[PDB]
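Heads up: the protein sequence lines correspond to chains J and A, in order.
If you use the authors' numbering, the first sequence corresponds to residues 1699 to 1769, in order.
If you use the authors' numbering, the second sequence corresponds to residues 776 to 920, in order.
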Amino acid sequence: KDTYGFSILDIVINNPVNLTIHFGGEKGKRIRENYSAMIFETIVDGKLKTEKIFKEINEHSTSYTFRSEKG
Amino acid sequence: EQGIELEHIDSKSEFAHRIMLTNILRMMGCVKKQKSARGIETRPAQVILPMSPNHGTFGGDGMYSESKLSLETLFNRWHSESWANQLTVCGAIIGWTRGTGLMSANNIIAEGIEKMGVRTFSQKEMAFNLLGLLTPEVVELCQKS
């Protein structure tokens, strides 16, 4: 809840098909940062090449939807 | 509320004040309660409040001025209470907008007012002004204060 803006309990109990995370307000910007700061840290030719998980999440994103067919 | 001075404030004005103030606070309150019941702390609703430069300047408008001035408390209440994550406050001080239910009775003089180097608005322009408050940059600004 505090880091990624979702309840793992909610997903276990309700198994929602989609989950939208909202990045509104101060708390939402902090959660958005956590999604952005979530990075792949690879070493290529003795150089740190940091890539982003959640490419579609930038500083102008207001939401992110996790998607599934069934849950 | 037209032709309702202080001494005429009665049923209609109390009802108008319920519409234009009290039940706006209740509507905001209801949205706050729904969001909080569902744990929504990161998707605040921007409240575009129809504020007025008319705080008893024209007269004869019942409790209009009281309704409009009372909305200005929300600017402070946003900081002092516990609803800031559910609602943001955007106070639009709406200028002289020709053609509306409230202002159509004042259309004939607007050319004269503009000779002072002042601006009256069409409903289209005012709508455009208010839609400017719902742009991503103003939305982010109201989330800060």
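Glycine is no exception: its CB is placed at the ideal position from the N, C-alpha and C atoms.
Since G866(A) sits in a beta bridge, which residues does DSSP pair it with?
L824(A)
Nearest chain A C-beta to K1768(J) closer than 9 Å, yes or no?
no
If you measure beta-carbon to beta-carbon, which residues of the segment 1713-1740 of chain J are closer than 7 Å to chain A?
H1720, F1721, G1722, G1723, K1725, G1726 and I1729
Flag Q918(A) as yes if its beta-carbon sits less than 9 Å from any beta-carbon of chain J, otherwise no.
yes
Would you tell me roughly how many angstroms separate the C-alpha atoms of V864(A) and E915(A), rounded to the nearest one?
11 Å
Tell me where the beta strand (DSSP E) around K1727(J) begins and ends.
Looking at the DSSP string, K1727(J) is not in any beta strand (DSSP E); the run it does join, the alpha helix (DSSP H), is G1723 to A1735.
Residue range of the alpha helix (DSSP H) that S857(A) falls in?
Where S857(A) is concerned, there is no enclosing alpha helix (DSSP H), given that its DSSP letter is neither H nor E.
Distance between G866(A) and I823(A) (C-alpha atoms, nearest Å)
6 Å
If you count every other CB in all the chains shown that lies within 10 Å of the CB of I1711(J), and 16 or more means buried, which is it?
exposed
Does the segment 827-842 of chain A touch the segment 1722-1741 of chain J, meaning 3 or more C-beta pairs lie closer than 8 Å?
no
Expected contact under 8 Å - CB spacing of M826(A) and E776(A) to nearest Å:
17 Å between Cβ atoms; not a contact.
Contact defined as beta carbons within less than 8 Å: I believe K1745(J) pairs with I1737(J). What is the distance between those atoms, to the nearest angstrom?
No, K1745(J) and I1737(J) are not in contact; Cβ-Cβ is about 15 Å, not under 8 Å.
Exposed or buried, which one is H1720(J) when buried takes at least 16 other CB atoms within 10 Å?
buried
Counting C-beta neighbours from all protein chains within 10 Å, is the total for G887(A) 16 or more, i.e. buried, or is it exposed?
exposed
Once DSSP output is grouped into helix, strand and coil, what is the label at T1740(J)?
strand
Mapping DSSP to helix, strand and coil, what is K1747(J)?
strand
Pair every Cβ in the segment 886-900 of chain A with every Cβ in the segment 868-875 of chain A, then say whether three or more of these pairs are closer than 8 Å.
yes
Run down chain J in chain order and give the residues with a C-beta less than 7 Å from the C-beta of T817(A).
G1703, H1720, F1721, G1722, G1723, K1725, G1726 and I1729
Verify the CB distance criterion: does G907(A) have a CB-CB separation below 9 Å to chain J?
no
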